[PDB]
>>> print(open('input22.pdb').read())   # PDB, C-alpha atoms
ATOM      1  CA  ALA N  10     103.270  67.788  81.837  1.00  0.00           C
ATOM      2  CA  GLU N  11     100.671  70.556  81.633  1.00  0.00           C
ATOM      3  CA  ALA N  12     100.016  74.363  81.607  1.00  0.00           C
ATOM      4  CA  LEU N  13      99.163  76.084  84.879  1.00  0.00           C
ATOM      5  CA  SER N  14      95.524  77.218  84.682  1.00  0.00           C
ATOM      6  CA  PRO N  15      94.354  80.310  86.520  1.00  0.00           C
ATOM      7  CA  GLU N  16      92.104  77.997  88.576  1.00  0.00           C
ATOM      8  CA  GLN N  17      95.090  75.959  89.655  1.00  0.00           C
ATOM      9  CA  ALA N  18      97.095  79.099  90.459  1.00  0.00           C
ATOM     10  CA  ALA N  19      94.275  80.465  92.574  1.00  0.00           C
ATOM     11  CA  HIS N  20      94.042  77.250  94.622  1.00  0.00           C
ATOM     12  CA  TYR N  21      97.831  77.038  94.918  1.00  0.00           C
ATOM     13  CA  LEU N  22      98.038  80.616  96.149  1.00  0.00           C
ATOM     14  CA  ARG N  23      95.148  80.358  98.650  1.00  0.00           C
ATOM     15  CA  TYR N  24      96.682  77.115 100.045  1.00  0.00           C
ATOM     16  CA  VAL N  25     100.077  78.743 100.601  1.00  0.00           C
ATOM     17  CA  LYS N  26      98.515  81.859 102.134  1.00  0.00           C
ATOM     18  CA  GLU N  27      96.515  79.687 104.606  1.00  0.00           C
ATOM     19  CA  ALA N  28      99.416  77.319 105.305  1.00  0.00           C
ATOM     20  CA  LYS N  29     101.514  80.341 106.314  1.00  0.00           C
ATOM     21  CA  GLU N  30      98.750  81.694 108.589  1.00  0.00           C
ATOM     22  CA  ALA N  31      98.271  78.238 110.110  1.00  0.00           C
ATOM     23  CA  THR N  32     102.023  78.098 110.814  1.00  0.00           C
ATOM     24  CA  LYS N  33     101.866  81.583 112.427  1.00  0.00           C
ATOM     25  CA  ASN N  34      99.040  80.319 114.643  1.00  0.00           C
ATOM     26  CA  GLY N  35     100.856  77.099 115.571  1.00  0.00           C
ATOM     27  CA  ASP N  36      98.486  74.647 113.834  1.00  0.00           C
ATOM     28  CA  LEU N  37     101.140  72.615 112.087  1.00  0.00           C
ATOM     29  CA  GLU N  38      98.589  69.899 111.258  1.00  0.00           C
ATOM     30  CA  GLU N  39      96.612  72.248 109.047  1.00  0.00           C
ATOM     31  CA  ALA N  40      99.763  73.855 107.614  1.00  0.00           C
ATOM     32  CA  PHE N  41     101.114  70.408 106.633  1.00  0.00           C
ATOM     33  CA  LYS N  42      97.863  69.432 104.964  1.00  0.00           C
ATOM     34  CA  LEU N  43      97.666  72.796 103.077  1.00  0.00           C
ATOM     35  CA  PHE N  44     101.320  72.931 101.958  1.00  0.00           C
ATOM     36  CA  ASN N  45     100.796  69.400 100.595  1.00  0.00           C
ATOM     37  CA  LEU N  46      97.733  70.365  98.581  1.00  0.00           C
ATOM     38  CA  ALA N  47      99.881  73.217  97.166  1.00  0.00           C
ATOM     39  CA  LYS N  48     102.755  70.823  96.363  1.00  0.00           C
ATOM     40  CA  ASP N  49     100.274  68.681  94.433  1.00  0.00           C
ATOM     41  CA  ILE N  50      99.398  71.583  92.122  1.00  0.00           C
ATOM     42  CA  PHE N  51     102.810  73.277  91.765  1.00  0.00           C
ATOM     43  CA  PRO N  52     105.749  71.586  93.483  1.00  0.00           C
ATOM     44  CA  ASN N  53     108.723  73.841  94.384  1.00  0.00           C
ATOM     45  CA  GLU N  54     111.715  73.992  96.712  1.00  0.00           C
ATOM     46  CA  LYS N  55     110.147  76.627  98.998  1.00  0.00           C
ATOM     47  CA  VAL N  56     106.952  74.650  99.705  1.00  0.00           C
ATOM     48  CA  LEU N  57     108.666  71.232  99.968  1.00  0.00           C
ATOM     49  CA  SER N  58     110.921  73.084 102.373  1.00  0.00           C
ATOM     50  CA  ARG N  59     108.127  72.269 104.844  1.00  0.00           C
ATOM     51  CA  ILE N  60     108.921  69.381 105.723  1.00  0.00           C
ATOM     52  CA  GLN N  61     110.181  71.021 108.993  1.00  0.00           C
ATOM     53  CA  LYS N  62     107.933  68.290 110.250  1.00  0.00           C
ATOM     54  CA  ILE N  63     109.544  68.371 113.665  1.00  0.00           C
ATOM     55  CA  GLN N  64     107.925  66.876 116.755  1.00  0.00           C
ATOM     56  CA  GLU N  65     110.067  65.612 119.661  1.00  0.00           C
ATOM     57  CA  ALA N  66     106.713  64.114 120.898  1.00  0.00           C
TER
ATOM     58  CA  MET K 236     127.927  97.864  79.311  1.00  0.00           C
ATOM     59  CA  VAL K 237     126.656  99.783  82.340  1.00  0.00           C
ATOM     60  CA  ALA K 238     126.047  97.737  85.577  1.00  0.00           C
ATOM     61  CA  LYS K 239     125.216  94.416  87.241  1.00  0.00           C
ATOM     62  CA  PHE K 240     121.519  94.169  87.699  1.00  0.00           C
ATOM     63  CA  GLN K 241     120.176  91.817  90.359  1.00  0.00           C
ATOM     64  CA  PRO K 242     116.541  91.648  91.495  1.00  0.00           C
ATOM     65  CA  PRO K 243     115.609  92.213  95.160  1.00  0.00           C
ATOM     66  CA  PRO K 244     116.322  89.152  97.380  1.00  0.00           C
ATOM     67  CA  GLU K 245     112.634  88.315  97.624  1.00  0.00           C
ATOM     68  CA  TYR K 246     112.459  87.880  93.813  1.00  0.00           C
ATOM     69  CA  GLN K 247     115.782  86.104  93.441  1.00  0.00           C
ATOM     70  CA  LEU K 248     115.494  82.491  92.344  1.00  0.00           C
ATOM     71  CA  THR K 249     118.311  79.955  92.538  1.00  0.00           C
ATOM     72  CA  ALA K 250     119.352  78.119  89.358  1.00  0.00           C
ATOM     73  CA  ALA K 251     117.881  74.999  90.960  1.00  0.00           C
ATOM     74  CA  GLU K 252     114.566  76.803  91.612  1.00  0.00           C
ATOM     75  CA  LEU K 253     114.499  78.132  88.037  1.00  0.00           C
ATOM     76  CA  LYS K 254     115.294  74.660  86.532  1.00  0.00           C
ATOM     77  CA  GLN K 255     112.437  73.081  88.469  1.00  0.00           C
ATOM     78  CA  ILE K 256     109.815  75.616  87.233  1.00  0.00           C
ATOM     79  CA  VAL K 257     111.100  75.128  83.674  1.00  0.00           C
ATOM     80  CA  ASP K 258     110.862  71.370  83.956  1.00  0.00           C
ATOM     81  CA  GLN K 259     107.128  71.722  84.688  1.00  0.00           C
ATOM     82  CA  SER K 260     106.592  74.342  81.977  1.00  0.00           C
ATOM     83  CA  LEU K 261     104.780  73.398  78.760  1.00  0.00           C
ATOM     84  CA  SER K 262     106.049  76.429  76.805  1.00  0.00           C
ATOM     85  CA  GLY K 263     107.719  79.799  77.137  1.00  0.00           C
ATOM     86  CA  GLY K 264     104.355  81.368  77.867  1.00  0.00           C
ATOM     87  CA  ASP K 265     103.468  78.816  80.526  1.00  0.00           C
ATOM     88  CA  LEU K 266     106.885  79.334  82.086  1.00  0.00           C
ATOM     89  CA  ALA K 267     106.148  83.030  82.156  1.00  0.00           C
ATOM     90  CA  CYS K 268     102.803  82.471  83.940  1.00  0.00           C
ATOM     91  CA  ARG K 269     104.389  80.053  86.488  1.00  0.00           C
ATOM     92  CA  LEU K 270     107.054  82.601  87.152  1.00  0.00           C
ATOM     93  CA  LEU K 271     104.374  85.293  87.696  1.00  0.00           C
ATOM     94  CA  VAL K 272     102.746  83.078  90.316  1.00  0.00           C
ATOM     95  CA  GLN K 273     106.012  82.185  92.095  1.00  0.00           C
ATOM     96  CA  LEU K 274     107.631  85.619  92.045  1.00  0.00           C
ATOM     97  CA  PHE K 275     104.615  87.885  92.614  1.00  0.00           C
ATOM     98  CA  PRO K 276     101.892  86.275  94.680  1.00  0.00           C
ATOM     99  CA  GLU K 277     101.092  89.719  96.179  1.00  0.00           C
ATOM    100  CA  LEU K 278      99.664  90.634  92.679  1.00  0.00           C
ATOM    101  CA  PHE K 279      96.909  88.043  93.257  1.00  0.00           C
ATOM    102  CA  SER K 280      95.588  89.214  96.643  1.00  0.00           C
ATOM    103  CA  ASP K 281      93.481  92.159  97.824  1.00  0.00           C
ATOM    104  CA  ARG K 297      96.720  95.921  86.908  1.00  0.00           C
ATOM    105  CA  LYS K 298     100.208  96.191  88.539  1.00  0.00           C
ATOM    106  CA  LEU K 299     101.587  93.888  85.835  1.00  0.00           C
ATOM    107  CA  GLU K 300     103.866  96.796  85.409  1.00  0.00           C
ATOM    108  CA  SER K 301     107.095  97.036  83.350  1.00  0.00           C
ATOM    109  CA  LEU K 302     109.694  96.144  86.066  1.00  0.00           C
ATOM    110  CA  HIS K 303     107.694  93.002  86.995  1.00  0.00           C
ATOM    111  CA  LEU K 304     107.338  91.862  83.381  1.00  0.00           C
ATOM    112  CA  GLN K 305     111.034  92.506  82.618  1.00  0.00           C
ATOM    113  CA  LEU K 306     112.080  90.395  85.599  1.00  0.00           C
ATOM    114  CA  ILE K 307     109.942  87.547  84.321  1.00  0.00           C
ATOM    115  CA  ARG K 308     111.331  87.978  80.807  1.00  0.00           C
ATOM    116  CA  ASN K 309     114.928  87.863  82.164  1.00  0.00           C
ATOM    117  CA  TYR K 310     114.238  84.489  83.775  1.00  0.00           C
ATOM    118  CA  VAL K 311     112.359  83.179  80.725  1.00  0.00           C
ATOM    119  CA  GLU K 312     115.313  84.095  78.478  1.00  0.00           C
ATOM    120  CA  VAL K 313     117.693  81.781  80.358  1.00  0.00           C
ATOM    121  CA  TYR K 314     115.872  78.798  78.795  1.00  0.00           C
ATOM    122  CA  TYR K 315     114.084  80.411  75.753  1.00  0.00           C
ATOM    123  CA  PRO K 316     116.772  82.732  74.381  1.00  0.00           C
ATOM    124  CA  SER K 317     114.679  83.658  71.363  1.00  0.00           C
ATOM    125  CA  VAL K 318     112.629  85.703  73.900  1.00  0.00           C
ATOM    126  CA  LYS K 319     115.535  88.212  73.697  1.00  0.00           C
ATOM    127  CA  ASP K 320     113.781  89.219  70.455  1.00  0.00           C
ATOM    128  CA  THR K 321     111.041  91.611  71.610  1.00  0.00           C
ATOM    129  CA  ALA K 322     108.732  90.338  68.806  1.00  0.00           C
ATOM    130  CA  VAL K 323     108.953  86.805  70.309  1.00  0.00           C
ATOM    131  CA  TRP K 324     108.242  88.195  73.771  1.00  0.00           C
ATOM    132  CA  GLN K 325     105.252  90.100  72.475  1.00  0.00           C
ATOM    133  CA  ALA K 326     103.982  87.231  70.277  1.00  0.00           C
ATOM    134  CA  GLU K 327     104.201  84.376  72.805  1.00  0.00           C
ATOM    135  CA  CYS K 328     104.795  85.339  76.444  1.00  0.00           C
ATOM    136  CA  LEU K 329     103.279  88.741  76.933  1.00  0.00           C
ATOM    137  CA  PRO K 330      99.733  88.011  75.635  1.00  0.00           C
ATOM    138  CA  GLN K 331      99.726  84.777  77.660  1.00  0.00           C
ATOM    139  CA  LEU K 332     100.728  86.592  80.886  1.00  0.00           C
ATOM    140  CA  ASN K 333      98.064  89.275  80.401  1.00  0.00           C
ATOM    141  CA  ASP K 334      95.352  86.798  79.513  1.00  0.00           C
ATOM    142  CA  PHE K 335      96.335  84.556  82.537  1.00  0.00           C
ATOM    143  CA  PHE K 336      96.138  87.606  84.801  1.00  0.00           C
ATOM    144  CA  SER K 337      92.816  88.848  83.298  1.00  0.00           C
ATOM    145  CA  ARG K 338      91.336  85.363  83.627  1.00  0.00           C
ATOM    146  CA  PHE K 339      92.439  84.988  87.255  1.00  0.00           C
ATOM    147  CA  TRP K 340      90.805  88.322  88.181  1.00  0.00           C
ATOM    148  CA  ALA K 341      87.594  87.720  86.313  1.00  0.00           C
ATOM    149  CA  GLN K 342      87.332  84.285  87.958  1.00  0.00           C
ATOM    150  CA  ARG K 343      87.716  85.978  91.335  1.00  0.00           C
ATOM    151  CA  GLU K 344      85.117  88.624  90.382  1.00  0.00           C
ATOM    152  CA  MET K 345      82.633  86.089  89.504  1.00  0.00           C
ATOM    153  CA  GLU K 346      83.007  83.942  92.742  1.00  0.00           C
ATOM    154  CA  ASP K 347      80.503  86.483  94.232  1.00  0.00           C
TER
END
>>> encode(input="input22.pdb", output="structure tokens")
Amino acid sequence: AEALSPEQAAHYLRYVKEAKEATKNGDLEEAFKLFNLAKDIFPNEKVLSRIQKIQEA
Amino acid sequence: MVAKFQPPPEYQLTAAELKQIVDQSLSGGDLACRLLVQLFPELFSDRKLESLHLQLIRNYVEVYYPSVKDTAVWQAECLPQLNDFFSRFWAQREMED
């Protein structure tokens, strides 16, 4: 199942960068969406590792 | 012979993490490019495909493609693919604007 294209990598990397910044800011909604778009291109333990979909609400 | 070499913690993958990347990899060369992306995302933000970086990738690749221990195999399959992946990524970025 498929070679990673540079286009895919670029999208993957921008998504992770922005998901991290979103997490720093506290917008977990955006982080969750972005980490998932990353997972859809290139799934891996570190990304799936959020999750950390914690709430108490 | 000489020592135990380990990479820095930030570039250390678990066997589980390595297996997963391999399972998605179409070839030795694709594995090498996926590894570049996972280990060295700093190389894609605002070249430094330098020897230490490439050797680290090759060490991981060799776990599942042991013929890559032959430098000819490395230079025939993986290394042109890594460089062309990296060139393509940067030209694509240059062109965005």
>>> residues_around(input="input22.pdb", residues="stretch 248-257 of chain K", least_positions_apart="4", cutoff="12 Å", atoms="only C-alpha atoms", output="ChimeraX atom specification")
/N:10-13,51-58 /K:241-244,261-274,306-307,309-315
>>> write_last_selection(input="input22.pdb", atoms="C-alpha atoms", output="PDB file, in the frame of the given file")
ATOM      1  CA  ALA N  10     103.270  67.788  81.837  1.00  0.00           C
ATOM      2  CA  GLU N  11     100.671  70.556  81.633  1.00  0.00           C
ATOM      3  CA  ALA N  12     100.016  74.363  81.607  1.00  0.00           C
ATOM      4  CA  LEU N  13      99.163  76.084  84.879  1.00  0.00           C
ATOM      5  CA  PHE N  51     102.810  73.277  91.765  1.00  0.00           C
ATOM      6  CA  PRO N  52     105.749  71.586  93.483  1.00  0.00           C
ATOM      7  CA  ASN N  53     108.723  73.841  94.384  1.00  0.00           C
ATOM      8  CA  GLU N  54     111.715  73.992  96.712  1.00  0.00           C
ATOM      9  CA  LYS N  55     110.147  76.627  98.998  1.00  0.00           C
ATOM     10  CA  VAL N  56     106.952  74.650  99.705  1.00  0.00           C
ATOM     11  CA  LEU N  57     108.666  71.232  99.968  1.00  0.00           C
ATOM     12  CA  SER N  58     110.921  73.084 102.373  1.00  0.00           C
TER      13      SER N  58
ATOM     14  CA  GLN K 241     120.176  91.817  90.359  1.00  0.00           C
ATOM     15  CA  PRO K 242     116.541  91.648  91.495  1.00  0.00           C
ATOM     16  CA  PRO K 243     115.609  92.213  95.160  1.00  0.00           C
ATOM     17  CA  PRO K 244     116.322  89.152  97.380  1.00  0.00           C
ATOM     18  CA  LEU K 261     104.780  73.398  78.760  1.00  0.00           C
ATOM     19  CA  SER K 262     106.049  76.429  76.805  1.00  0.00           C
ATOM     20  CA  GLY K 263     107.719  79.799  77.137  1.00  0.00           C
ATOM     21  CA  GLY K 264     104.355  81.368  77.867  1.00  0.00           C
ATOM     22  CA  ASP K 265     103.468  78.816  80.526  1.00  0.00           C
ATOM     23  CA  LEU K 266     106.885  79.334  82.086  1.00  0.00           C
ATOM     24  CA  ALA K 267     106.148  83.030  82.156  1.00  0.00           C
ATOM     25  CA  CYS K 268     102.803  82.471  83.940  1.00  0.00           C
ATOM     26  CA  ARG K 269     104.389  80.053  86.488  1.00  0.00           C
ATOM     27  CA  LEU K 270     107.054  82.601  87.152  1.00  0.00           C
ATOM     28  CA  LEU K 271     104.374  85.293  87.696  1.00  0.00           C
ATOM     29  CA  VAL K 272     102.746  83.078  90.316  1.00  0.00           C
ATOM     30  CA  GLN K 273     106.012  82.185  92.095  1.00  0.00           C
ATOM     31  CA  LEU K 274     107.631  85.619  92.045  1.00  0.00           C
ATOM     32  CA  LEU K 306     112.080  90.395  85.599  1.00  0.00           C
ATOM     33  CA  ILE K 307     109.942  87.547  84.321  1.00  0.00           C
ATOM     34  CA  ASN K 309     114.928  87.863  82.164  1.00  0.00           C
ATOM     35  CA  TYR K 310     114.238  84.489  83.775  1.00  0.00           C
ATOM     36  CA  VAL K 311     112.359  83.179  80.725  1.00  0.00           C
ATOM     37  CA  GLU K 312     115.313  84.095  78.478  1.00  0.00           C
ATOM     38  CA  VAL K 313     117.693  81.781  80.358  1.00  0.00           C
ATOM     39  CA  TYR K 314     115.872  78.798  78.795  1.00  0.00           C
ATOM     40  CA  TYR K 315     114.084  80.411  75.753  1.00  0.00           C
TER      41      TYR K 315
END
>>> axis_aligned_box(input="input22.pdb", around="stretch 253-269 of chain K", padding_each_side="3 Å", output="lines of an AutoDock Vina configuration file")
center_x = 109.0
center_y = 77.2
center_z = 82.6
size_x = 18.5
size_y = 17.7
size_z = 17.7
>>> closest_residue(input="input22.pdb", among="N:15, N:43, N:22, N:59", to="residue K:277", atoms="all atoms listed in the file")
N:22
>>> atom_distance(input="input22.pdb", atom1="atom CA of residue N:62", atom2="atom CA of residue N:18")
25.0 Å
>>> resolve_selection(input="input22.pdb", expression="the PyMOL selection byres ((chain N and resi 29) around 12)", output="list in words")
residues 22, 23, 24, 25, 26, 27, 28, 30, 31, 32, 33, 34, 35, 36, 37, 38, 39, 40, 41, 42, 43, 44, 47, 55, 56 and 59 of chain N
>>> resolve_selection(input="input22.pdb", expression="the PyMOL selection byres ((chain K and resi 330-335) around 9)", output="ChimeraX atom specification")
/N:14-15 /K:264-265,267-268,271,299,304,324-329,336-340
>>> atom_distance(input="input22.pdb", atom1="atom CA of residue K:297", atom2="atom CA of residue N:50")
25.0 Å
>>> atom_distance(input="input22.pdb", atom1="atom CA of residue K:279", atom2="atom CA of residue K:346")
14.5 Å
>>> closest_residue(input="input22.pdb", among="K:239, K:347, K:247, K:342", to="chain N", atoms="only C-alpha atoms")
K:342
>>> decode(input="input22.pdb", residues="chain K", atoms="C-alpha atoms", output="PDB file, in the first residue's frame")
ATOM      1  CA  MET K 236      34.808  -3.814  17.111  1.00  0.00           C
ATOM      2  CA  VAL K 237      34.967  -0.341  18.656  1.00  0.00           C
ATOM      3  CA  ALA K 238      31.778   0.913  20.470  1.00  0.00           C
ATOM      4  CA  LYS K 239      27.993   0.830  20.870  1.00  0.00           C
ATOM      5  CA  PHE K 240      26.477   3.474  18.714  1.00  0.00           C
ATOM      6  CA  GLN K 241      23.013   4.757  19.587  1.00  0.00           C
ATOM      7  CA  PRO K 242      21.330   7.777  17.980  1.00  0.00           C
ATOM      8  CA  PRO K 243      20.169  10.732  20.109  1.00  0.00           C
ATOM      9  CA  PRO K 244      16.876  10.038  21.973  1.00  0.00           C
ATOM     10  CA  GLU K 245      14.925  12.275  19.617  1.00  0.00           C
ATOM     11  CA  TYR K 246      15.917  10.049  16.649  1.00  0.00           C
ATOM     12  CA  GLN K 247      15.515   6.744  18.452  1.00  0.00           C
ATOM     13  CA  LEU K 248      12.674   4.605  17.152  1.00  0.00           C
ATOM     14  CA  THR K 249      11.241   1.599  18.970  1.00  0.00           C
ATOM     15  CA  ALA K 250      11.140  -1.764  17.167  1.00  0.00           C
ATOM     16  CA  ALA K 251       7.360  -1.353  17.109  1.00  0.00           C
ATOM     17  CA  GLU K 252       7.685   2.117  15.521  1.00  0.00           C
ATOM     18  CA  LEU K 253      10.165   0.790  12.945  1.00  0.00           C
ATOM     19  CA  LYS K 254       7.930  -2.245  12.079  1.00  0.00           C
ATOM     20  CA  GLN K 255       4.951   0.026  11.469  1.00  0.00           C
ATOM     21  CA  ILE K 256       6.833   2.316   9.010  1.00  0.00           C
ATOM     22  CA  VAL K 257       8.130  -0.783   7.201  1.00  0.00           C
ATOM     23  CA  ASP K 258       4.661  -2.251   6.941  1.00  0.00           C
ATOM     24  CA  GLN K 259       3.556   0.857   5.012  1.00  0.00           C
ATOM     25  CA  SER K 260       6.701   0.946   2.866  1.00  0.00           C
ATOM     26  CA  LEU K 261       6.525  -0.079  -0.800  1.00  0.00           C
ATOM     27  CA  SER K 262      10.297  -0.593  -1.145  1.00  0.00           C
ATOM     28  CA  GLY K 263      13.635   0.065   0.496  1.00  0.00           C
ATOM     29  CA  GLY K 264      13.709   3.501  -1.087  1.00  0.00           C
ATOM     30  CA  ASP K 265      10.208   4.378   0.073  1.00  0.00           C
ATOM     31  CA  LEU K 266      11.121   3.184   3.554  1.00  0.00           C
ATOM     32  CA  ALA K 267      14.106   5.481   3.417  1.00  0.00           C
ATOM     33  CA  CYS K 268      11.928   8.482   2.451  1.00  0.00           C
ATOM     34  CA  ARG K 269       9.341   7.686   5.195  1.00  0.00           C
ATOM     35  CA  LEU K 270      12.138   7.465   7.678  1.00  0.00           C
ATOM     36  CA  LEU K 271      13.474  10.866   6.509  1.00  0.00           C
ATOM     37  CA  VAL K 272      10.056  12.385   7.171  1.00  0.00           C
ATOM     38  CA  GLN K 273       9.605  10.745  10.598  1.00  0.00           C
ATOM     39  CA  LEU K 274      13.125  11.254  11.927  1.00  0.00           C
ATOM     40  CA  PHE K 275      13.976  14.694  10.516  1.00  0.00           C
ATOM     41  CA  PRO K 276      10.963  16.932  10.087  1.00  0.00           C
ATOM     42  CA  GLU K 277      13.173  19.954  10.943  1.00  0.00           C
ATOM     43  CA  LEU K 278      14.849  19.394   7.477  1.00  0.00           C
ATOM     44  CA  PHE K 279      11.523  20.352   5.847  1.00  0.00           C
ATOM     45  CA  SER K 280      10.877  23.703   7.561  1.00  0.00           C
ATOM     46  CA  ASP K 281      12.372  27.194   7.266  1.00  0.00           C
ATOM     47  CA  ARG K 297      20.739  20.668   1.681  1.00  0.00           C
ATOM     48  CA  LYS K 298      21.429  19.347   5.242  1.00  0.00           C
ATOM     49  CA  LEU K 299      20.846  15.801   3.977  1.00  0.00           C
ATOM     50  CA  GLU K 300      24.247  15.402   5.427  1.00  0.00           C
ATOM     51  CA  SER K 301      26.213  12.173   6.088  1.00  0.00           C
ATOM     52  CA  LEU K 302      25.209  11.511   9.758  1.00  0.00           C
ATOM     53  CA  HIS K 303      21.500  11.892   8.848  1.00  0.00           C
ATOM     54  CA  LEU K 304      21.745   9.564   5.846  1.00  0.00           C
ATOM     55  CA  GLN K 305      23.723   6.938   7.808  1.00  0.00           C
ATOM     56  CA  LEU K 306      21.077   6.897  10.536  1.00  0.00           C
ATOM     57  CA  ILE K 307      18.409   6.273   7.927  1.00  0.00           C
ATOM     58  CA  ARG K 308      20.526   3.567   6.297  1.00  0.00           C
ATOM     59  CA  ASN K 309      21.015   1.836   9.696  1.00  0.00           C
ATOM     60  CA  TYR K 310      17.247   1.601  10.147  1.00  0.00           C
ATOM     61  CA  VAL K 311      16.668   0.541   6.528  1.00  0.00           C
ATOM     62  CA  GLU K 312      19.212  -2.284   6.921  1.00  0.00           C
ATOM     63  CA  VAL K 313      17.209  -3.944   9.712  1.00  0.00           C
ATOM     64  CA  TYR K 314      14.626  -5.007   7.093  1.00  0.00           C
ATOM     65  CA  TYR K 315      16.631  -4.734   3.782  1.00  0.00           C
ATOM     66  CA  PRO K 316      19.997  -6.219   4.760  1.00  0.00           C
ATOM     67  CA  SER K 317      21.299  -6.053   1.206  1.00  0.00           C
ATOM     68  CA  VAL K 318      21.514  -2.269   1.876  1.00  0.00           C
ATOM     69  CA  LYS K 319      24.675  -3.157   3.878  1.00  0.00           C
ATOM     70  CA  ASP K 320      26.234  -3.308   0.392  1.00  0.00           C
ATOM     71  CA  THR K 321      27.060   0.334  -0.391  1.00  0.00           C
ATOM     72  CA  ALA K 322      26.290  -0.279  -4.111  1.00  0.00           C
ATOM     73  CA  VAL K 323      22.702  -1.267  -3.145  1.00  0.00           C
ATOM     74  CA  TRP K 324      22.406   1.818  -0.949  1.00  0.00           C
ATOM     75  CA  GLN K 325      23.646   4.023  -3.750  1.00  0.00           C
ATOM     76  CA  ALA K 326      21.569   2.286  -6.459  1.00  0.00           C
ATOM     77  CA  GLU K 327      18.190   2.197  -4.680  1.00  0.00           C
ATOM     78  CA  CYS K 328      17.853   4.293  -1.516  1.00  0.00           C
ATOM     79  CA  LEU K 329      20.186   7.213  -1.889  1.00  0.00           C
ATOM     80  CA  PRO K 330      18.950   8.541  -5.281  1.00  0.00           C
ATOM     81  CA  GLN K 331      15.358   8.143  -4.056  1.00  0.00           C
ATOM     82  CA  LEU K 332      16.046  10.136  -0.853  1.00  0.00           C
ATOM     83  CA  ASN K 333      17.764  12.946  -2.774  1.00  0.00           C
ATOM     84  CA  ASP K 334      15.099  13.107  -5.448  1.00  0.00           C
ATOM     85  CA  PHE K 335      12.305  13.069  -2.741  1.00  0.00           C
ATOM     86  CA  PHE K 336      14.069  15.924  -0.950  1.00  0.00           C
ATOM     87  CA  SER K 337      14.705  17.924  -4.181  1.00  0.00           C
ATOM     88  CA  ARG K 338      11.078  17.453  -5.214  1.00  0.00           C
ATOM     89  CA  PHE K 339       9.729  18.561  -1.828  1.00  0.00           C
ATOM     90  CA  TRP K 340      11.803  21.774  -1.963  1.00  0.00           C
ATOM     91  CA  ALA K 341      10.995  22.616  -5.540  1.00  0.00           C
ATOM     92  CA  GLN K 342       7.292  22.081  -4.784  1.00  0.00           C
ATOM     93  CA  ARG K 343       7.627  24.520  -1.893  1.00  0.00           C
ATOM     94  CA  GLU K 344       9.507  27.007  -4.118  1.00  0.00           C
ATOM     95  CA  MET K 345       6.859  26.991  -6.638  1.00  0.00           C
ATOM     96  CA  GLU K 346       3.881  27.532  -4.172  1.00  0.00           C
ATOM     97  CA  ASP K 347       4.785  31.273  -4.538  1.00  0.00           C
TER      98      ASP K 347
END
